[PDB]
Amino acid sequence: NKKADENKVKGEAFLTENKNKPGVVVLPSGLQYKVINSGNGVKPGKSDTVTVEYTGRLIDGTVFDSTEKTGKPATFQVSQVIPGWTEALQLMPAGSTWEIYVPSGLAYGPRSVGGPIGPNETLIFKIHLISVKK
């Protein structure tokens, strides 16, 4: 499928370029992140709930979801989101804003038929962790 190949090529090229940039931390899983603003709060565990502000975009800059201008943050259980978020959240002190770069395998994978997120899409998120509930 043409889109699956295109998205894989673009994502791999992005991650390969981004890993060299100052402030980009590359984890063993392949998840990448960059600290935008450091917070001093607790880090959530895998069973915790979090309140967050966030924006998700594709490599070409297209925003596909955001809490911005909605008037409310979003709430998630740490383990009930995509793996890249589950992993990233557990490293984030409350109060922090990070940009995370999620390889498609830690997001929706290669059979993501279509919709907002098609196959082999590497996803980029700005995540402001507001609070953690144990």
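When you see a residue number, it is the position in the sequence shown, counting from 1.
- Annotation for 104-112 versus 42-50: the higher mean temperature factor (C-alpha) is found in 104-112.
- A summary of the deposited B-factors shows that, of 68-76 and 87-95, the stretch with the larger mean C-alpha value is 68-76.
- Sort the modelled residues of the chain by CA B factor and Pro28 lands in the highest third.
- Sorting the modelled residues of the chain by their CA temperature factor places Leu129 in the lowest third.
- Ranked by Cα temperature factor within the chain, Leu15 sits in the middle third according to the deposited record.
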